[PDB]
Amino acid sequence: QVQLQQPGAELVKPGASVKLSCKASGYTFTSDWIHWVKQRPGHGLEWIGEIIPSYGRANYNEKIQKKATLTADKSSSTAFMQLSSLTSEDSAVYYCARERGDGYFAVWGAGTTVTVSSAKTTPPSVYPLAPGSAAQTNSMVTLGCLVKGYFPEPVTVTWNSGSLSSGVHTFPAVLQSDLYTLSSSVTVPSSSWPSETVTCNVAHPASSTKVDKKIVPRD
C-alpha cells in the first residue's frame, strides 16, 4: 500500500504560512525518521530537515534560510512541516520520505506542489479534441483533451481512470495572465474507437475537482 500520503497542492500568499502533512502506513518503528526534501522546478533535490516522531527531536539544513519547523502527531502517524513567511523562492514540490535510521530513503511521498502567489484558485475547464470529419486515418487514432484556465499547478490527467496508459502524452502547462493551460494526447487503434469508450479524467487538487470527459466523434 502507499506508505506516505501528501496533499497534491497548496497555494500561499507572500508573507503567509502553510502546514504540510505527511501521513504514514506500513511498518512504523519508533526508530524511524521522516525527512523533507525540496525541489524547485527544473532543479535538484535539497534536504531541508528531519524529525524522529517517537520523541519530537528535529534537525534542519543550516546551509539555507530556515523556513521550516517540524513536528509530529505520534497518534495519527502524521508529520508536519510548518513553512512560514514564504516568497516566490519558496515555491516548489516538497517531498517527505522515511528513513529507517540507516541513511537512505527507501520510500517517498508524491509530494506537495506549493505555489506562492497573490493570484486566485481557478478550477480547470476541460474540452474534447476529437478529429474533424475531413481528417483521414491509419491503423491508430489520436484523441485528446484540453485542460485550460486553471491555477495553481498541478493537475493530473488520466485516460479511463488508469486503464489507458500506453500511448499517452500530457504536455507541460504554459502560464499566461495567471492561468495555466495544457493538453493531453492519447492514441488507440482506430478500430477500437468509438465503439470502445475513451475518457479523460482530470484532477485539480487545489480546488478539489476531478472531472471526467468522454470523447465522442463530432456531431
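We number the residues from 1 along the sequence you see.
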{"query": "98-106 versus 79-87 - greater average Cα B-factor per the deposited record", "finding": "79-87"}
{"query": "Residue range whose averaged C-alpha B-factor is higher in the record, 179-187 or 32-40", "finding": "179-187"}
{"query": "Per the PDB entry, maximal CA B factor within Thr156, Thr69, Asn61, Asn160", "finding": "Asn160"}
{"query": "Ranked against its chain, the third holding the CA B-factor of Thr113", "finding": "lowest"}
{"query": "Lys210 CA temperature factor, ranked by third within the chain", "finding": "highest"}
{"query": "Modelled-residue ranking by C-alpha temperature factor, third containing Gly167", "finding": "middle"}
{"query": "Position of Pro194 among the chain's modelled residues by C-alpha B-factor, lowest, middle or highest third", "finding": "highest"}
{"query": "Entry-reported Cα temperature factor of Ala16, expressed as the chain third it lands in", "finding": "middle"}
